[PDB]
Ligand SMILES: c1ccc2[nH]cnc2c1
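Single chain ahead, by itself, as structure tokens, in the form solved without this ligand.
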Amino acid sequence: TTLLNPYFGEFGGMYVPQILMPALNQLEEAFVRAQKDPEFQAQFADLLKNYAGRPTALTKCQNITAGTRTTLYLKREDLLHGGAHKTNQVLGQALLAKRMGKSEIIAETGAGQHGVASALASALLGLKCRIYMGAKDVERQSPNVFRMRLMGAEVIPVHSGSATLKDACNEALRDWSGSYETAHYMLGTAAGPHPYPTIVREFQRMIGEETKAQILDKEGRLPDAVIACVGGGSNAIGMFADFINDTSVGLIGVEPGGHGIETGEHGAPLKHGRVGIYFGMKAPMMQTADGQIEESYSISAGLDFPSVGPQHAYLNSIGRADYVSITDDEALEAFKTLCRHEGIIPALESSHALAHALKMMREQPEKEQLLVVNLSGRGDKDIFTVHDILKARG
């Protein structure tokens, strides 16, 4: 069996070829032991603090909420080394790999952010890193590809399937099934086979823990709701985790609505997909009526995971967390608004979370509410995307 429950209600599991089970079992055992090891926690804390830059600020956004009864704070993961929350968990996973005596790292990446995060962690900790990326993604993310290579990582294009994230995910697993003896698979989100959903949550948990301590210090109470975008679910569960037992705190996950849910061109499997079994887990996903896996569309490349973390599907099913969607245009508007009113350029991914917060505020201007938006990353990387769009509109 396993040490921890691989399921969150009906979602999760370990749907990988038999050959990979020993790898998952080893990882789970190493994780459980690491969690009880004061030395591991100390090293991880050291890296988070002195290398990554934790704790991150909790910024009160006074301008954007003017004229309303909403008080909005932004958890600044955009200020974390690397420019996104991904850095937190790759550092923990890299340490786990070393705890298991592994010297190589395998990672998958779509937009390229996880690839960059995996590469920097591997460079710092002396791990040989090889990254799999969809061919179409390699072509469209030249900047991130060059960054990975500058940091010594090996970038491998994947031309199979749709040549995107899910395809890179497959290639990663194919490789690991034959090299797990010396290589660790650094999965990029709170999804995939157990123990990844659990490990990634625990290695992103400081986001929520810090937010709780900071909001209590600044406001003397917990927020009415914490809001986060949901691509795969890591930054969201990272923010949610420490508040799960604080029943008065709303947990709101925001999936990308793309051109609009009714257009079929979106990335909201949790609320508009259908439960299936893929990427080693049972979870809602983007799939055809026949069961073939489809891609997730969003103006934001980072919210392209065609499925969603099992724990999110679970929290939704029991009504502990609520999930909504935000379209390309709503995210773009939030992006423009934060730049102009707070002088912060948010990642288009994070802009989805901000957009919903803005909607909560604008739809009910006189409702007194204390909101925290997880600003998962910075958007310097999205200025061209936003630029091209705006110009094409006159």
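All residue numbers refer to positions in the sequence shown, first residue = 1.
The form solved in complex with this ligand is left out here; the points below concern that form.
Heavy atoms within 4.5 Å of this ligand in the deposited complex belong, among the stretches 165-173, 257-265, 94-102, 314-322, to residues of 165-173. With the partner omitted from this view, the residue of 208, 223, 302, 269 that lies near this ligand in the deposited complex is 302 [heavy atom within 4.5 Å]. This ligand in the deposited complex is not approached by residue 389, whose heavy atoms all lie more than 4.5 angstroms from it. In the deposited complex, none of the heavy atoms of residue 253 sits within 4.5 Å of a heavy atom of this ligand. Taking the partner from the other structure, this ligand in the deposited complex has no heavy atom within 4.5 Å of any heavy atom of residue 184.
This ligand in the deposited complex is approached by residue 189, whose closest heavy atom lies within 4.5 angstroms of it. The partner is not shown here, but in the deposited complex the stretch 1-24 reaches within 4.5 angstroms of this ligand through a heavy atom at 2, 3, 4, 5, 6.
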